[PDB]
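Data block below; observations after.
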Amino acid sequence: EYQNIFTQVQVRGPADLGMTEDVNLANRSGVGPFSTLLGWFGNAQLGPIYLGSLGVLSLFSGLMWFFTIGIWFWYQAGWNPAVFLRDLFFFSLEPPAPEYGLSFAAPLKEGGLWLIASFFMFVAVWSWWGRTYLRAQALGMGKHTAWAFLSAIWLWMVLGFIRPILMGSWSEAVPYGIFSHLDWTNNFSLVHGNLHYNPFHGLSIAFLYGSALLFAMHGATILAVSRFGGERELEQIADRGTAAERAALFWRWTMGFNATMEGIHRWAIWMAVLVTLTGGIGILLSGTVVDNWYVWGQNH
Amino acid sequence: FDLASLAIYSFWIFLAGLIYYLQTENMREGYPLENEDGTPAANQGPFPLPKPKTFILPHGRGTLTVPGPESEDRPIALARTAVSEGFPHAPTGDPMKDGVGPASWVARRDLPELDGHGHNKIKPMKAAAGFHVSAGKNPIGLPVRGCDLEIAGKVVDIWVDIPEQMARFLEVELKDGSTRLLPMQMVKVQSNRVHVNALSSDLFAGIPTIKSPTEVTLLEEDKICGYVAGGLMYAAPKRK
Amino acid sequence: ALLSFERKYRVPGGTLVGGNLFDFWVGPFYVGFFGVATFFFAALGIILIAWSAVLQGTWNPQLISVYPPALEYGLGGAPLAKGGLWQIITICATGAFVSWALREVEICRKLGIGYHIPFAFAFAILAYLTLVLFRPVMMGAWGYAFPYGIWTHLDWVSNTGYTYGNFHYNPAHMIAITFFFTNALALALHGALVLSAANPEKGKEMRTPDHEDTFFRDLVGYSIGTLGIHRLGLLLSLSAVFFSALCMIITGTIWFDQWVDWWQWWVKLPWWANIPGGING
Ligand code: BCL
Ligand code: BCL
Ligand code: BCL
Ligand SMILES: CC[C@H]1c2cc3[nH]c4c(c3C)C(=O)[C@H](C(=O)OC)c4c3nc(cc4[nH]c(cc(n2)[C@@H]1C)c(C(C)=O)c4C)[C@@H](C)[C@@H]3CCC(=O)OC/C=C(\C)CCC[C@H](C)CCC[C@H](C)CCCC(C)C
Ligand SMILES: COC1=C(OC)C(=O)C(C/C=C(\C)CC/C=C(\C)CC/C=C(\C)CC/C=C(\C)CC/C=C(\C)CC/C=C(\C)CCC=C(C)C)=C(C)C1=O
Ligand SMILES: COC(C)(C)C(=O)C/C=C(\C)CC/C=C(\C)CC/C=C(\C)CCCC/C(C)=C/CC[C@H](C)CC/C=C(\C)CCC=C(C)C
Ligand SMILES: CCCCCCCC/C=C\CCCCCCCC(=O)OC[C@H](O)CO
Ligand SMILES: CCCCCCCCCCCC[N+](C)(C)[O-]
Ligand SMILES: CCCCCCCCCCCC[N+](C)(C)[O-]
Ligand SMILES: CCCCCCCCCCCC[N+](C)(C)[O-]
Ligand SMILES: CCCCCCCCCCCC[N+](C)(C)[O-]
Ligand SMILES: CCCCCCCCCCCC[N+](C)(C)[O-]
Ligand SMILES: CCCCCCCCCCCC[N+](C)(C)[O-]
Ligand SMILES: CCCCCCCCCCCC[N+](C)(C)[O-]
Ligand SMILES: CCCCCCCCCCCC[N+](C)(C)[O-]
Ligand SMILES: [Cl-]
Ligand SMILES: [Fe+3]
């Protein structure tokens, strides 16, 4: 029996230059090459891509953030390429020491460079957010993408900007480094009396687990009804077909209730955004309101 | 009652309202619940029916308001097997021809789905300028074999989802000269043949036909795909 | 009660066991043979949990905890109160989970759909058995399994992880985490995209799937497609759980030291191992 995990026969035609709507066609690149590799799993067409001020700004600002961390790593490596590759995951660009508080006066080697990198990351992420809004807007679509992105930004803002300010020291922010930011995560839990007992942390885990649960359910469901064209979900919303009916009834017969072709995507978007929405709350409260989650938990 | 306790209590209240909202939004199709005789069921659950919403369909195709007066808009050739509720309803005739059970189809609009520009989303490759097979086995010309290991016909064309550049049906020529569409997800393209495990060779003629050689409507797709999937249960007696 | 469109699907057939004996529904739930089995295992397992609560002396669900046998018991049986209840409940939970998956299969057959859903559910089951069966057996005692308690089973995660330093450095653990994060990222984008097309700006007609493709090409220069994203979500979530069971099946069985030491191979390669400078110089 065919399972529809990989395309059996790829087909290719003229590149699809895409819908126009109110998109400024001046900022669209040409079409890229087709990828037979990607064609086995999804679409083979690469490009075009829209490139505006925000995209150029986000892209450039992002590279500067990347390059700032890069030359710090080369400096830590003594400019030796061998040392660079050996200790790559061990390098780290740390925030200013607690002595500097929220001052931007820290020397470059003493956390000033971390501040410069964070500025470029700040510009890159926020200019990229406005990009997810304006691209949907140009096509007349809803802004669900930009709002879902805000949830991820919210946790990122708490970790490196909001909470450090409320704590009164940039030293509370996360360092730029592969292993170093893993070490930061572990120390954060120990300092705050075990995050396992932060209820917003447990909620965040429930939605993270639940996101894998729901996408496995939904991905498997759509593939099981792709023999009825169930992946064409927009037309199934406008004109319910046997795919939407069999998908709903499988779950009704299994667990007693079911979704619609549209409604399941509201379950999905909320299951996912709640991960970082509750997570950011839990982190924001750690150290500002609660110093020991285990001890706090014993009284509630 | 510190700020943390207030936040976690506030969130649980929010999550309850969110679940209530999500569940009602997922009740815009198939509700209200019915008894097995079609009448409204007395117990509809604790969640109320949502208030109507309107989609404005593109290409002047009208507007959809859901929820709204439901209707199958087709006869159902089934009959109760029990006085009490909760038992299967048995086909009264040929379930594959009557389109019941795994062979069910929905009375979708008898129009083809359209792409963003108002053109037919699915077309035969012979009518799709520039489209071709770019990887894998090209099934055109191959014989089509049923679960009885008999040959039912020959692949003569591929119907392509143009916006997605995806094969969705195989057009198969039967021994009588006519053709039928086969869901791409229900065939196995091999080196020398196409094998269809859902149908026996003599059940291909029973696949519903399309009224136009260069397009297929949503209703036609549902009748075709339902019939083929129904063969898994109803064509099994002659499945080697 | 039925959905408005449900009757035509409620036909007989599709069972794997018992023919038409259990081929019926209770309200919305389909029963079938494995629906009866599920109920039997589930009922028995819940009775044993209530029993363990009586022995424990509390009915507060936050405090109830069924512990596995002590390490000294090895892989043999233990008395009900000294770990036997955990053993029997573990049997019942397995019976319930597997029966649930076979019930889903019978529902797939009656509806004539693919078997992707129970196949995906089997990965979660494999992860469960990795923690309560495969890893304890390979290590030589049921006591290495985790206890059945809301909070005690979090303490087991913490105690197990810190036995190997920071479990973050478990390289399979990193891969599994990447799939969990990426999956949630993909789930959020997919749900947002369908909704943004089905619910466009005010004064706009419903969008088409071509708009979905165009939006993502404009954004990152590539669209995986309507079918591809459902393949992707299924793959991200199952791979996440696959590498989870992998990062544990190897912990305490073929790896026993702190997981940070695993990375010393890359560092102390005899060529750049001794070069002065850097973090490791
Ligand atoms: C996965 C790796 C670890 C582990 C690490 C963690 C960590 C770390 C956390 C949890 C958390 C939870 N875990 Mg645990 N957990 C494991 C194995 C399990 C198993 C199991 C049978 O294997 C179960 C049933 C649970 C159950 C639970 C819930 C009590 C809670 C929320 C999970 C959730 O929503 O997931 C996604 C699933 C859904 C959204 C679907 C709905 C699932 C519901 C909520 C399950 C309820 C189970 C019920 C309380 C127990 C059985 C009741 C019977 C009727 C007797 N864990 C193993 C040992 N688990 C979090 C918590 O808050 O704990 C207090 C938390 O922080
Ligand atoms: C010792 C370790 C501690 C612990 C310490 C922490 C800490 C500390 C934190 C978490 C957090 C999380 N933990 Mg914990 N955690 C522990 C144990 C667990 C266990 C477990 C099995 O026991 C589990 C399952 C979890 C699970 C989780 C997640 C639910 C949560 C992260 C959400 C997320 O998606 O972040 C990933 C998403 C983001 C980081 C958002 C970032 C998005 C930004 C905007 C994008 C970056 C753009 C950038 C430029 C990208 C590159 C560009 C390229 C072009 C691609 N923890 C133990 C007790 N955990 C977080 C949380 O919310 O806690 C409440 C957190 O801060
Ligand atoms: C202090 C703790 C340690 C640590 C130690 C461990 C240990 C120890 C383990 C993990 C494991 C995991 N960790 Mg770690 N981990 C830490 C920090 C993290 C961080 C972080 C941000 O810091 C993250 C993101 C993670 C992430 C993860 C995942 C990769 C994984 C859990 C998912 C899983 O296996 O699901 C698998 C899914 C299941 C087990 C669910 C099965 C459900 C069954 C089949 C059905 C249940 C039905 C239910 C009872 C019915 C209820 C019905 C009612 C109607 C509701 N860890 C720190 C460093 N981590 C776990 C793992 O890999 O396990 C394999 C694990 O055991
Ligand atoms: C593999 C990818 C992800 C996934 C997928 C997945 N899960 C699934 C499915 C799929 C595809 C289903 O089809 C199936 C379903 O029907 O979901 C609605 C299911 C399911 N996943 C569930 C839960 C679940 N999945 C999880 C995870 C995941 N599921 C993965 C992340 C998790 C966690 C911890 O992350 C949980 C808690 C259930 C809602 C459901 C399976 C229901 C089932 O099997 O019911 C039969 C059993 C009972 C009704 C009760 C039995 C009770 C026992 C006898 C006693 C209790 C034993 C247990 C050990 C107690 C311990 C509790 C403590 C740890 C607190
Ligand atoms: C596009 O197509 C799709 C649909 O339709 C169009 C859907 O409908 C769904 C289903 C998804 C949802 C409804 C969203 C909500 C689900 C979540 C959050 C998952 C988490 C769910 C839960 C926690 C609920 C779990 C419920 C149970 C395990 C049921 C409890 C068990 C009972 C009552 C026992 C089972 C009964 C029997 C065995 C029969 C009785 C037997 C006897 C002998 C008496 C998906 C994925 C989908 O793609
Ligand atoms: C050949 O190599 C060259 C040199 C070319 C390279 O390019 C090498 C480059 C690398 C090897 C890249 C290495 C990169 C990393 C290891 C990145 C690691 C990052 C993480 C693990 C994630 C940490 C991010 C979390 C934090 C701390 C985010 C901070 C963001 C804040 C929300 C913004 C805070 C803003 C501040 C403090 C002020 C700025 C101004 C404002 C107005 C806000
Ligand atoms: C691929 C190399 C070229 C550059 C790539 C840059 C990075 C992004 C890559 C893949 C995005 C995968 C999709 C992630 C989420 C998609 C959400 C969705 O639903 O998309 C389906 C489809 O695209 C709408 O019809
Ligand atoms: C902070 C995360 C919020 C979750 C996102 C939920 C979006 C639902 C609201 C739709 C808004 C779309 N609109 C009207 C702007 O086009
Ligand atoms: C949108 C889906 C909602 C699912 C809700 C699941 C709730 C899980 C309960 C986890 C327990 C959290 N807490 C506060 C005790 O740590
Ligand atoms: C917190 C998880 C609980 C979710 C399980 C809900 C039970 C299934 C839905 C109701 C089935 C019975 N009903 C109401 C239709 O008669
Ligand atoms: C006294 C205030 C305590 C904090 C409240 C936390 C719960 C609110 C979370 C939902 C935020 C609303 N939103 C933006 C997601 O729609
Ligand atoms: C802090 C909020 C207090 C609780 C009130 C919230 C309950 C309703 C939840 C609204 C979610 C619905 N919506 C439309 C925004 O998606
Ligand atoms: C895990 C969070 C999900 C909670 C489940 C809430 C939905 C239950 C709906 C039951 C009513 C369904 N019914 C009978 C009207 O079809
Ligand atoms: C019904 C299928 C169950 C097969 C796998 C169950 C594993 C249970 C692990 C506990 C074993 C305890 N015992 C009886 C060997 O002492
Ligand atoms: C651990 C239990 C695993 C159950 C899930 C099995 C999924 C595959 C289903 C294929 C069924 C094939 N067959 C011959 C019964 O039709
Ligand atoms: Cl732009
Ligand atoms: Fe979908």
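Chain A is the first sequence line, chain B the second, and so forth, proteins listed ahead of strands; every chain is numbered from 1. No hydrogens, no waters, no symmetry mates; every other heavy atom, side chains included, goes into these values. All ligand and atom numbering here is 1-based and tracks the order in the structure.
In the vicinity of B:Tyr31, heavy-atom distances shorter than 4.0 Å reach the ligand 13 atoms 12 (C), 13 (N), 15 (C), 16 (O). If you number the atoms of ligand 13 from 1 as listed, the ones under 4.0 Å from a heavy atom of B:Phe47 come out as 9 (C). Numbered from 1 in the order shown, with element, the atoms of ligand 13 that lie under 4.0 Å from a heavy atom of B:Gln23 read 7 (C), 9 (C).
The aromatic ring centres of C:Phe216 and C:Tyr222 sit 6.0 Å or more apart. Centroid-to-centroid, the aromatic rings of C:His230 and C:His190 come within less than 6.0 Å. Remark: aromatic rings of C:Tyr30 and C:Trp25 are close, center separation under 6.0 Å.
For a threshold of 3.5 Å applied to N or O pairs, the pair formed by B:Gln44 and ligand 13 contains no separation below that value.
Taking the centre and axis of the six-membered ring of A:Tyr50, the NZ or CZ atom of A:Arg135 falls inside the cone set by 45° and 6.0 Å.
Taking distances strictly below 2.8 Å, the protein N/O/S atoms close to the Fe ion (ligand 17) are A:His218 NE2, A:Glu233 OE1, A:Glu233 OE2, A:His265 NE2, C:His190 NE2, C:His230 NE2.
More than 12 heavy atoms of other residues, nucleotides or ligands shown are found within 6.0 angstrom of CZ on B:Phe14.
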Please tabulate, line by line, the atom pairs linking an N/O of ligand 8 to a protein N/O at a distance below 3.5 Å, with the distance in Å to 0.1, or answer 'none'.
{"from": "ligand 8", "atom 1": "16 (O)", "to": "A:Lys143", "atom 2": "N", "distance (Å)": "3.4"}

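Note that CG of B:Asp161 is 8.0 Å distant from CD of A:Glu231, once rounded to the nearest 0.5 Å.
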